[PDB]
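Note sheet for the following structure.
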Amino acid sequence: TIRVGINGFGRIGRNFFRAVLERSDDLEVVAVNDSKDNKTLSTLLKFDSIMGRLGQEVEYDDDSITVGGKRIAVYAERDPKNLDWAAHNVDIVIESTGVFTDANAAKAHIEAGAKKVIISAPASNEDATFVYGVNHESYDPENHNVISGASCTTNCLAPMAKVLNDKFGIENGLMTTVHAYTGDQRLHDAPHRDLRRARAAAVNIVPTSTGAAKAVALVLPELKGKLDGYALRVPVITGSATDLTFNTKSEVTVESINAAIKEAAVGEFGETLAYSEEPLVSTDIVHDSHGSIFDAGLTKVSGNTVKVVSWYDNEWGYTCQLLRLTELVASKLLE
Amino acid sequence: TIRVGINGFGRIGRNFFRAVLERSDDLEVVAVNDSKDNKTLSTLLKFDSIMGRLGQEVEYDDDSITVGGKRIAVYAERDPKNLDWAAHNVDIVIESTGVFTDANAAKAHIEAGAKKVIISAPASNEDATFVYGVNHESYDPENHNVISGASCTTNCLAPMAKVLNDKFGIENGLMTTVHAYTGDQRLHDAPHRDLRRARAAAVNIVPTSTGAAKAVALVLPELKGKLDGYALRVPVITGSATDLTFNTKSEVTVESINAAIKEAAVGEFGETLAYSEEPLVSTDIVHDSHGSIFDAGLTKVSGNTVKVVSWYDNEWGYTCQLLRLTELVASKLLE
Amino acid sequence: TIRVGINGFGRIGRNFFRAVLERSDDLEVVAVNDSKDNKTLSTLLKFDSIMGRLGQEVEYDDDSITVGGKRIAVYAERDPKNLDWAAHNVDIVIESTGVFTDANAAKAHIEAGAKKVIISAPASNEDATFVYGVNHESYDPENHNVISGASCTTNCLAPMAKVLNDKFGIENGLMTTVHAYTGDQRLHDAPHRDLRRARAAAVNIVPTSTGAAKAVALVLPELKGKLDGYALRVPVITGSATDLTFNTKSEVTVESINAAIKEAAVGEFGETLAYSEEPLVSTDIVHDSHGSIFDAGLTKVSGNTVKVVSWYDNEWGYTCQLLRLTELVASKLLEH
Amino acid sequence: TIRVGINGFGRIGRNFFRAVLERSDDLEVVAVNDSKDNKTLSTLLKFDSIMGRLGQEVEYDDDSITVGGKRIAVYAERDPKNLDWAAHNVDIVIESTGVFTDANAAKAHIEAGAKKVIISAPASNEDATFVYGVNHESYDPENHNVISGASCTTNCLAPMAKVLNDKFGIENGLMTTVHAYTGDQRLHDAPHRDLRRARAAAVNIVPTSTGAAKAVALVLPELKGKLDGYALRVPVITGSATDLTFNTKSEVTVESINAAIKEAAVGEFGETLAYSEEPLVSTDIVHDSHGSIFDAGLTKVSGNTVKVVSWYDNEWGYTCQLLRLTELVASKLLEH
Ligand SMILES: NC(=O)c1ccc[n+]([C@@H]2O[C@H](COP(=O)([O-])OP(=O)(O)OC[C@H]3O[C@@H](n4cnc5c(N)ncnc54)[C@H](OP(=O)(O)O)[C@@H]3O)[C@@H](O)[C@H]2O)c1
Ligand SMILES: NC(=O)c1ccc[n+]([C@@H]2O[C@H](COP(=O)([O-])OP(=O)(O)OC[C@H]3O[C@@H](n4cnc5c(N)ncnc54)[C@H](OP(=O)(O)O)[C@@H]3O)[C@@H](O)[C@H]2O)c1
Ligand SMILES: NC(=O)c1ccc[n+]([C@@H]2O[C@H](COP(=O)([O-])OP(=O)(O)OC[C@H]3O[C@@H](n4cnc5c(N)ncnc54)[C@H](OP(=O)(O)O)[C@@H]3O)[C@@H](O)[C@H]2O)c1
Ligand SMILES: NC(=O)c1ccc[n+]([C@@H]2O[C@H](COP(=O)([O-])OP(=O)(O)OC[C@H]3O[C@@H](n4cnc5c(N)ncnc54)[C@H](OP(=O)(O)O)[C@@H]3O)[C@@H](O)[C@H]2O)c1
């Protein structure tokens, strides 16, 4: 068991906690840092609009939240310099606040006694970025100390893109992610730096930018400069689909595109990328642990133009990818 | 034409602007104070998730927003002491920020050159509170200088309660308002001082407290101590219903309860309170200008226990009540 | 293993099937009658927009569906007279079509081999109506052969109405249930016998009738003529609350109303009626197995007027209550 | 006044009626055929969950509804053969039931007295298909008697596909339309021939087919075999976007793609196709009368791969396009 700390007990932080509880044999969360009182934090952990009730008992005091008898230390230092991770023998910190995506700032956790930091988001100045299943073999336990698990969408797109580029080659592609609304958006029309994300999220199709397609290049260098895209935020609370349209020099049919995915979606990689011929709708992939669920029923081909669609639970699927990455780091040298 | 200023260009502020444009012959909005840039403010005025597009042309510069050729001065003073309302000959300021519901603080607008302040909310230390149609005859143009238009729900409940208490007498009543979600609520589960309003608004029935039933006593003193209630926030963006269950010493039937409303819902009062026998659903009362739309089809009676239900557009219906109050003030002595 | 058949494999039928898999050791569903083809039936069983995926493999053919290796015989007979329940030795049929709530028609399942019929709905002409935890002890295994499990709302209302009446006496009460939309409402403005339920369900507060407060008299005769109410259908897919306002002759406080429910909400009754002081919203009671979750935080008192509020998963909570009734039935004599 | 009758008084029929009241001086609806009773018809006309209240008094009887003092004859004949359109001198029938998109069946309205039938949908065996603004000039008043106004998606796609093909040449293109749910989808998980549209519409992203990108070839023959796509149905009640990704042989930038649409989007064509640089979300195009609102802010270019996005109100925008086609028809000879 390697001991884990979470900085930021938001949606991603709480997902990660639950995912460890549900899915991990070799990690334990033993401390959390967040800016709120333990009554509030413990209530949000216990009850969730998306995931339902935590199955375990939750209690709290002024120092901690106890979950199924296991005491979780809770801190509220807004600067990670004031933390002491070594005091709880935390080796890995999950950096999920959203305000330390800069590795030069996330480094504070290591100064505060951790050995590894995993940023649950696109990062800057990081040692490395991983999409589990795609480039995790390149993790270097001595030199990759502050890393990034990339974005939900990148974790959906990159597995699919790896397989198709490997098999047919992708010249250029443009992505539309049709995505659940997220907490950056407004409930009612109100000021926002993005004048579209300003608009009432649960009654609008809301177009917004995302770096997730360009970010594929970080984990698949062969696709640098060849992918871009954007997001349409729509009224579901979780569950998203990545629609990629690309040009290939290969001569391709619907059936050969699908066969390539089916043939790759197997073994350990198939825990990242799944192949489905089912009549899927978003609610079917809620709490699905794959990073990418390829929908063979949606594949289209016109000439050398290809459209493929992969599903993802932008919360849970992403979190399970991050958990896979965390298990890898925890399985290798920690100093 | 009496010239009006709005402090706070949120949902209520923008509703009020539109209501003046659509419905008023004797008021004009000539200045606005708000903490945002004019590109953002002008975009939110022009496009609305609830009301649709403003029919008029909107332009802006760094000093103003011009609406159908009429230049609206815009300020961004966070303290109303720094404002100068007299410079634009504004007589009435609508105080719609939410952070000057204290009349001792709203008074600043009068020091800044206005003559009257109307708080678009339950207030404290106010000269008087009005529900138009219920107690507006008691407005005293010399001594009522900082006033309150009360809450959306109170504007729905008080008209109905006046008629029923007048005709049958109400001993005690308890209200449930089944209410559209509002901007105080969270889109995704997140910290909030109210741990229920913390929960994703568009997928939950969310119980929360409201003073609106006790506040009836401010405008109908005869009901002090006899009304209380709460709110169930539900997933519609606007449109609400007030369900009041009360005990009466009178012997009453469904048909006599309804006849009393029908008989009162007439003339000017009938612009506040309507009587309907239609098969209404919330979307039918969106942009309805009444404060209260009594639904005769929902009236129930068991013994001396009575249940009545009135609809309201918590945005537009409320705003039209506030506009009626503003026209009254504007029609009398301004000093 | 008491063998169960389901007539009508819609929301309630599929909930019942799942609840049997999840919560019963004594019951097994061996046969289903429904109007649809088996490809459709099996897809709707495998995948559920509310309950998520069934955690068991599903296959189908012209005659059956196989769930986790167990063959369920499937028929599609519009008329129950043309069924042979004896052919697979089913003893209890759950009648969940919606269209045979008249016991005079549902009786047809007994003629076709069943020993018992449980109507998943308010019924007419039935031997008996039950809210488990309230009056199930009056179940008569000789004379109660076609029975009603009453409605979702009744299964929420009756348990707290029993406790509070018994403690304080209810003079009259009026109820509003703020209720998830149901399958009979229209997605877009379209024809319906109820001109309000005609109206786009996911964007409207939709008022509609419910017999629930009057049907409580069937199970608590002491409350006959003392209750009425209506529903507001709102845009959530499941999860509901019943808001009851009543006047009493007793002297009551918030603390005293709430203490009455807490005392009673224990033991086996406590699996029907829960007592909560949690900050609940509707998603928190989705897939809750209680018929009634009393929300102590919502209790109000004004003179002699009392308001109380209880939650229910109108799908799963109701289904769990119905399973509790089915287990009771199946634990006694199944003659004939 | 050219007299119009409507067969099928559903979403599209009621939109058409309203659009005639709102935007036409030349057309008048004098008769309606629909399967429902007049109390229901008149209620659904008066009150609309999307469009709000009709601003006119509505009354009804056994034979008619009266809207702002004008009597509309109402029939309910399942079979168009039993209608007499001549009886009220209607010249154009809008065929909006959904079930007579085969011109071989819709022809029955001409036998029953109509001079022209306009099918509010993709059709089979029709004289002609039109997207107003794209190919309406080819309308032949002698030989085009039963015609299609094509689909909502086609009326969004074809206008920008015309402009960009003409300017740059489209090699192939694939489309996704992110589309408001429609009335055929199910509110709760329930049977449907499309097992995805079976699934609770207001809580799901629901993939489904559309002929729209292949139906563009009917109106722009130059694009035959070059377009395909599908729909994602999402939880908004109306408002949709068409996302088209195509590869071209030309050298194109974002600025150049966008400039091509701006140039073309003027005059009468500009009432079909708008050019926007606004920060649009779907509520902003609700009740917009254009068939296609090009969103310049969404244009992307990657090498020779181009993505463009246009909005449409799949109810009102489509209806306005159809009204534009009906006015055209009604401005020429109505013989026979
Ligand atoms: N769909 C998804 O949700 C998704 C998918 C992929 C990636 N991600 C990434 O995951 C990260 C987390 O996103 P989220 O959805 O979880 O957002 P969130 O719900 O707002 O979580 C962020 C949390 O950080 C806490 N926080 C902020 N500053 C802090 C500080 N100085 N010290 C301690 N705690 C602090 C906040 O606590 P308070 O609320 O008390 O301020 C908040 O609860 C982001 O970087 C996001 O881009 C999200
Ligand atoms: N259903 C309803 O909406 C409803 C019904 C009845 C009564 N009311 C009452 O109406 C009032 C307004 O509510 P709302 O729904 O309009 O909320 P809102 O949308 O948040 O509007 C409030 C606005 O005030 C602005 N503001 C805050 N502090 C300011 C300052 N110091 N100077 C200038 N502007 C400032 C904010 O601008 P920024 O956003 O840029 O910070 C915000 O846009 C509240 O008191 C509420 O209780 C609302
Ligand atoms: N919240 C709730 O859903 C709720 C709560 C409490 C009680 N109930 C009660 O439970 C009953 C079922 O409701 P529900 O929500 O499950 O509705 P539903 O989803 O429509 O279920 C009805 C099912 O019966 C089938 N069916 C109808 N007529 C049939 C016939 N003649 N032969 C065979 N199968 C037939 C239908 O097949 P098709 O789908 O092919 O038509 C459908 O699968 C109703 O009486 C309702 O009051 C419902
Ligand atoms: N977004 C859109 O809605 C959209 C956009 C573009 C094109 N369209 C097309 O427009 C057509 C109509 O669609 P819609 O959305 O308006 O569907 P809808 O709401 O179901 O309209 C169909 C109407 O036709 C009536 N009807 C059906 N069969 C009939 C018959 N034999 N005789 C008389 N009346 C009959 C129905 O009456 P009942 O209600 O009693 O069944 C209903 O009012 C479809 O072909 C569709 O593809 C729709």
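The sequence lines fix the lettering, A, B, ..., with proteins before strands; numbering per chain opens at 1. The figures that follow rest on heavy atoms only: side chains count, while hydrogens, waters and symmetry mates do not. Order of listing sets the numbers, starting from 1, for every ligand and every atom in it.
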**Asked** Protein heavy atoms: any of them under 4.0 Å from atom 17 (O) of ligand 2?
**Response** no
**Request:** For atom 1 (N) of ligand 2, grab the closest protein heavy atom and report residue, atom and distance to one decimal in Å.
**Result:** B:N314 ND2, 2.9 Å
**Request:** Considering heavy atoms of the protein only, find what lies nearest to atom 25 (C) of ligand 2 and give residue, atom and distance to 0.1 Å.
**Result:** B:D34 OD2, 3.7 Å
**Passing option when D:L44 is tested against D:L41, D:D48, D:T40 for side chain to side chain contact (heavy atoms under 4.5 Å, CB included)** = D:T40
**Complete:** A student checking ligand 1 against A:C152 at a 4.0 Å heavy-atom cut-off should list atoms 5 (C), 6 (C)
**Prompt:** Do any nitrogen or oxygen atoms of B:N7 lie less than 3.5 angstrom from nitrogen or oxygen atoms of ligand 2?
**Reply:** no
**Asked** Under 3.5 Å, is there a donor-acceptor pair between the side chain of A:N314 and the main chain of A:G239?
**Response** yes
**Asked** Which of these, D:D37, D:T238, D:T97, has its nearest heavy atom closest to atom 30 (C) of ligand 4?
**Response** D:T97
**Asked** Is D:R14 reaching over with its side chain to a backbone N or O of D:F9, donor-acceptor style, under 3.5 angstrom?
**Response** yes
**Fill in**
ligand 1 atoms nearer than 4.0 angstrom to some heavy atom of A:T182 are 1 (N)
**Message:** Tell me whether D:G10 has any N or O atom under 3.5 angstrom from an N or O of ligand 4.
**Reply:** yes
**Request:** For C:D189, enumerate each residue passing the salt bridge (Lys or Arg N to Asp or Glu O under 4.0 Å) test, keeping only those at least two apart in sequence or located in another chain.
**Result:** C:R199, D:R11
**Asked** Short list, please: which atoms of ligand 1 are under 4.0 Å from a heavy atom of A:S35?
**Response** 37 (O), 38 (P), 40 (O), 41 (O)
**Asked** Do any heavy atoms of B:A190 fall under 4.0 Å from ligand 1?
**Response** no
**Asked** Among protein heavy atoms, which lies nearest atom 4 (C) of ligand 2, and at what distance?
**Response** B:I12 CD1, 3.7 Å
**Request:** Please say whether C:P191 places an N or O atom under 3.5 Å from an N or O atom belonging to ligand 4.
**Result:** no
**Item:** Nearest-0.5 Å distance that lies between atom CG in D:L323 and atom CH2 in D:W316
**Value:** 8.5 Å
**Location of contacts on D:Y318 toward ligand 4, heavy atoms closer than 4.0 Å** = side chain
**Message:** Could you report the tightest heavy-atom contact between B:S96 and B:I6, atom names first, then the distance?
**Reply:** OG-CG2, 3.6 Å
**Item:** Closest approach of B:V131 to B:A150 (non-hydrogen atoms, all atoms of both residues)
**Value:** CG2-CB, 4.2 Å
**Asked** Any sub-3.5 Å donor-acceptor pair from A:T319's side-chain atoms to A:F16's backbone N or O?
**Response** no
**Request:** Tell me, with the steps shown, if A:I237 and B:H188 meet side-chain contact (heavy atoms from CB on, under 4.5 Å).
**Result:** CA-CA 8 Å; A:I237 190 151; B:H188 269 90; 3.5 Å; yes
**Prompt:** Any idea which atoms of ligand 4 are less than 4.0 Å away from a heavy-atom of D:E77?
**Reply:** 32 (N)
**Asked** Does atom 20 (O) of ligand 4 have any protein heavy atom closer than 4.0 Å?
**Response** no
**Contact (N/O only, under 3.5 Å) between B:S96 and ligand 2** = no
**Request:** Sequence neighbours left out, what passes salt bridge (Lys or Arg N to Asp or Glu O under 4.0 Å) with D:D184? Give chain and number order.
**Result:** D:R197
**Request:** Identify, for atom 31 (N) of ligand 4, the protein heavy atom at the shortest distance, and state residue, atom and that distance.
**Result:** D:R78 O, 3.3 Å
**Criterion side chain to side chain donor-acceptor pair (under 3.5 Å) on B:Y318 and B:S120, from CA distance to verdict** = CA-CA 9 Å; B:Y318 181 65; B:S120 67; 5.1 Å; no
**Item:** Derivation of the side-chain contact (heavy atoms from CB on, under 4.5 Å) call for A:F17 and A:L45
**Value:** CA-CA 9 Å; A:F17 186 94; A:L45 171 63; 3.8 Å; yes
**Asked** Which is it for A:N7 and A:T97 under the side chain to side chain donor-acceptor pair (under 3.5 Å) test, yes or no, and what are the steps along the way?
**Response** CA-CA 6 Å; A:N7 196 52; A:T97 62; 4.7 Å; no
**Request:** Using a 4.5 Å cut-off on heavy atoms from C-beta on, say whether the side chain of D:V74 contacts that of D:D34.
**Result:** no
**Item:** Heavy-atom gap A:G183 to ligand 1 smaller than 4.0 Å
**Value:** no
**Prompt:** For ligand 4, is D:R14 a contact, meaning one of its heavy atoms is under 4.0 Å away?
**Reply:** no
**Request:** From atom 8 (N) of ligand 4, work out which of D:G13, D:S120, D:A121 has a heavy atom at the shortest distance.
**Result:** D:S120
**Item:** Protein residue, atom and distance nearest to atom 28 (N) of ligand 2, heavy-atom basis
**Value:** B:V99 CG2, 3.9 Å
**Message:** Can you confirm whether some protein heavy atom lies under 4.0 Å from atom 10 (O) of ligand 1, or whether none does?
**Reply:** yes
**Item:** Atoms in ligand 1 flagged as close to A:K36, the criterion being non-hydrogen separation under 4.0 Å
**Value:** 40 (O)
**Subset of ligand 1 atoms that lie under 4.0 Å from at least one heavy atom of A:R11** = 15 (O), 16 (O), 19 (O), 21 (O)
**Request:** Check ligand 1 against A:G98 and write out every atom of the ligand that is under 4.0 Å from a heavy-atom position of the residue.
**Result:** 45 (O)
**Message:** Measuring from atom CD1 of B:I12 to atom CD1 of B:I94, what distance do you get when rounded to the nearest 0.5 angstrom?
**Reply:** 11.5 Å
